[PDB]
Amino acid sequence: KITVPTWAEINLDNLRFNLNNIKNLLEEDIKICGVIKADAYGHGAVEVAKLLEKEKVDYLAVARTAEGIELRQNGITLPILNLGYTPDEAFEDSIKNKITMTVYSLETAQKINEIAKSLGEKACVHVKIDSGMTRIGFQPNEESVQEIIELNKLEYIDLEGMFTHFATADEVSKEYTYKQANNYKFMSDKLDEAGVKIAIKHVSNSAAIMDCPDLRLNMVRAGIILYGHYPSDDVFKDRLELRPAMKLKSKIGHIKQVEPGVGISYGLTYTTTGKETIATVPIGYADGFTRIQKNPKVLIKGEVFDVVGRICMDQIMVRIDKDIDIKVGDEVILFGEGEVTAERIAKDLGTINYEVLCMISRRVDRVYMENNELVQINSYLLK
């Protein structure tokens, strides 16, 4: 089966578990969007979507046209929303591929409308509101109320949805978040006033789903929690119980004994003290195991070990100070188990777990496990 040295193992049961737990927090009538943007946060968008189809999620969310197109190429039938910007050049492909678009200007809706009209297709859109992330969206005002009314008028535009996103929900203070909600409420009340039916309204991310039950609306958007990681440590964790789905793994490729005072790797930034046992592992920075780390660690045979020297593009060196029966080809865990977590690496980096998950590079095959079985291998390099 696995012919790569380094790979990412995704446990399907875990995803199933997480989602079901997610469901137990929701009333029968709240739609779930599974956010699988960025190759499903590194987990593999196509496979996750398949799973999400099996489990009857309502919506899928992507960041890019191609990302959605990818799923469609692989026979995904669920509804897809592109959470972000769609260049004019992609409008036509979006329509043809049934990618719901996000819009924050009437101008855009008009170009889209022109294209759909040409194709004799109604193009479906979701309107973003800027409630204070200040990233994309209509500003929450009367003009924008009018602009939206005009938008909804266009034929060849089906204004399915309206949504906003939250800056601060993962944090302890929800003041900004509720303030963000009112601004959305303002847009909602007004368009409703003007008789504009928007079928799906949604504002909640993972943190909001956990922390903020009064914010359901039509749909919620789950991202990180789907993969068994928390948004922050300040969310109400007891509310939702999670297993991480991913392990980053590798194999010992060389092991040897090194004399005292020998330097390792580029720059010779480490030297052995005494005779040391050194294992080389074929993962490096170009796999997404970043050189920036500083206190990089690995798990072998249940023991944590320090990565010594400079991390190379394709390789790392590890010191074996505990004594254990190891040999070339034994498995190594970079994160995903025990003490080695995406969270740990992230803290060391000063980034967030989301980035570390996303970091896994193209050449790392994604290997899928179900009921403790290898069920699927995906290469991004090979046919």
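So that there is no doubt, residue numbering starts at 1 and follows the sequence shown.
Judged by mean Cα B factor in the deposited record, 168-176 ranks above the other of 298-306 and 168-176. For the pair 322-330 and 341-349, the mean B factor over Cα atoms is greater in 322-330. Ranking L81, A286, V281, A181 by the C-alpha B-factor listed in the PDB entry places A181 at the top. Per the PDB entry, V145 shows the highest C-alpha temperature factor of the residues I99, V145, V220, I225.
Sort the modelled residues of the chain by CA B factor and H126 lands in the middle third. Ranked within its chain, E28 lands in the highest third, by CA B factor from the PDB record. Sort the modelled residues of the chain by CA B factor and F138 lands in the highest third. Among all modelled residues in its chain, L374 ranks in the middle third by Cα B-factor. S232 sits in the highest third of its chain by CA B factor, as recorded in the PDB entry.
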